[PDB]
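**Student:**
Chains as they are written, first to last, in PDB author numbering: chain I, 8 to 59; chain Q, 150 to 152, 184 to 297; chain O, 295 to 343; chain J, 2 to 53.
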């Protein structure tokens with residue numbers, strides 16, 4: 008019946024699903040890399056303390 | 150025939197176009213509207229008539245907006261219908277409905293003879 | 295205060311339509327858009343065409 | 002209408018599951034990477050200080 012909504016429904020659907028997944032990817036990357044950094048900071052102090 | 185937000189409910193046979201235009205508006209030029217008239221019209225109690233009723237099927241990305249959808253529908257006319265977007269659960273629904281279906285019709289004939297005698 | 299609120303008074307509706315069109319129609323990013331600037335007394339006149 | 006769901010919502014479900022699994026595996030394996038690299042760093046510092 009209506010062609011343009013047929014056309015753009017999944018276009019917009021996937022575009023915004025991927026925008027949401029991009030926010031998700033940046034969030035997971037940020038938090039996991041922060042985990043990496045803080046974890047290295049945690050371990051280095053522990054080892055240095057022990058062996059000092 | 151179809152096409184986590186799909187809704188289903190009873191829509192007045194006559195007022196179908198009113199709903200279609202209200203949708204035309206509320207969803208702002210984006211809709212997937214599929215409805216068919218219901219043969220064998222049905223009864224009611226609000227007006228207590230053998231009314232003429234239809235049903236609706238629509239999909240769209242609104243998740244919280246469905247609040248307004250169901251609210252307006254019921255305030256006008258609607259019967260909640262938890263449905264499935266495929267025909268697999270169709271079998272489950274057939275089974276569950278047939279459960280009561282097998283016996284429903286007794287009530288009347290049972291009630292008859294007692295009051296008669 | 296008047297001159298300050300001038301710009302935003304219509305920036306708001308600019309963005310309103312900016313988004314209403316996209317969600318209404320067509321591909322996400324952008325479309326042709328313009329502002330109408332005409333003398334008065336022809337409102338229904340223009341609105342017809 | 003007839004079976005547009007069969008395609009569109011099947012794709013939507015598969016994409017949703019895939020993106021959520023992608024985020025889960027990314028955060029998981031990034032955490033494991035942080036833990037393993039932390040183990041390597043602590044071992045390197047431990048052997049350094051033991052040599053000292």
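Idealized CB from N, CA, C, for every residue including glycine.
Within the chosen definition, does the region 41-50 of chain I reach the region 28-44 of chain J through at least 3 CB pairs nearer than 8 Å?
**Tutor:** yes
**Student:** Report the CB separation of residue 186/Q from residue 263/Q in whole angstroms; it is logged as a contact under 8 Å.
**Tutor:** Right, the Cβ-Cβ distance comes to about 7 Å (below 8 Å), so this counts as a contact.
**Student:** Since I believe residue 15/I is in contact with residue 321/O (beta carbons under 8 Å), could you give me their beta-carbon distance rounded to a whole number of angstroms?
**Tutor:** 7 Å
**Student:** At a Cβ threshold of 8 Å, is residue 319/O touching chain I?
**Tutor:** yes
**Student:** Determine the extent of the beta strand (DSSP E) in which residue 233/Q is found, giving its start and end residues.
**Tutor:** 233-235
**Student:** Taking only beta carbons into account, state which residues of the region 41-53 of chain I come closer than 7 Å to chain J, listed in chain order.
**Tutor:** Hits within the stretch, in order: 42, 43, 46, 47, 50 and 51.
**Student:** What separation, rounded to the nearest whole angstrom, lies between the Cα atoms of residue 52/J and residue 46/J?
**Tutor:** 10 Å
**Student:** Tell me whether residue 314/O is buried or exposed, calling it buried when 16 or more other Cβ atoms sit within 10 Å of its Cβ.
**Tutor:** exposed
**Student:** Please list the partners that residue 43/J has in chain I, where partner means a Cβ-to-Cβ separation under 7 Å.
**Tutor:** 50 and 54
**Student:** I think residue 231/Q touches residue 222/Q, with their Cβ atoms under 8 Å apart; what is that distance to the nearest whole Å?
**Tutor:** That pair is a contact at about 6 Å.
**Student:** Which of the three DSSP states, helix, strand or coil, is assigned to residue 34/I?
**Tutor:** helix
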